[PDB]
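Rule-based calculations on the coordinates, nothing more; no lab input. Reconstructed Cβ throughout: ideal geometry from the backbone, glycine too, with neighbour counts over all protein chains shown.
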Amino acid sequence: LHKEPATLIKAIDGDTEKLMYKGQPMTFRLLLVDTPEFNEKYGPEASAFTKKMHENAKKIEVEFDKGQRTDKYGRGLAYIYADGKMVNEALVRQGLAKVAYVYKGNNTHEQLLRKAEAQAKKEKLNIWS
Ligand SMILES: Cc1cn([C@H]2C[C@H](OP(=O)(O)O)[C@@H](COP(=O)(O)O)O2)c(=O)[nH]c1=O
Ligand SMILES: [Ca+2]
């Protein structure tokens, strides 16, 4: 897999955002994770976490997996990095997202994220509290 450039257009929520990629506005859905909706418990916290992680970053990058690059709703499916740190993993590590939606062929970073989830759970953080 490889990282490609992007810029932030707008925050949406814990696991979706509007980015500019190859010069076009797209909504991205983070691969392999599920944040609560804003109206659910820890939804606001997830949305804030994701929002801040991209606002604070100097360099946003997207990394597509081996499979489908857009979902049925037109959302780009990616791993997203903020100054080299994966947002998808950071959310899981903090108990603000569960590992989820692990479809065959776009699952390269599954076991990295599952390791993060296990540490979140042990620490009883957020969703695991
Ligand atoms: C993360 C992800 C979601 N989706 C689809 C499955 C779910 O369909 P349904 O809407 O039919 O439930 C939906 C979940 O996304 P959200 O968690 O953003 O709602 O997005 C994919 O198709 N591929 C993916 O990699
Ligand atoms: Ca969600």
Seminar exercise, completed: Assertion target for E89, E63, ordered by fewest C-beta neighbours within 10 angstrom first, is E63, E89
Seminar exercise, completed: For the chain, percent of DSSP beta bridges that are antiparallel (nearest 5) comes out at 90
Problem set entry | Gaussian network model of the chain, springs between alpha carbon atoms under 10 Å - residue of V33, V92, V102 with greatest fluctuation | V102
For this session: Report, in degrees rounded to the nearest 10, the 0 to 90 angle that the Cα long axis of helix 43-55 makes with the longest principal axis of the chain.
Result: 50
For this session: Could you work out which residue, out of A118, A97, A78, moves most in a Gaussian network model of the chain, that is, has the largest mean-square fluctuation with Cα springs under 10 Å?
Result: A118
Seminar exercise, completed: In whole Å, largest first, the alpha carbons of the chain cover along the principal axes 41, 30, 27
Problem set entry | Least to most buried among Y101, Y42 (fewest other Cβ within 10 Å first) | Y101, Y42
Problem set entry | the chain: angle of helix 110-122 to the longest principal axis, Cα-based, in degrees nearest 10 | 30
Seminar exercise, completed: From fewest to most C-beta neighbours within 10 Å, the residues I9, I60, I80 line up as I9, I60, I80
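Given only helices, namely DSSP H runs of n ≥ 4 each adding -39500 (n - 2.57), what is the per-residue ellipticity at 222 nm of the chain, to the nearest 500 deg cm²/dmol?
-7500 deg cm²/dmol
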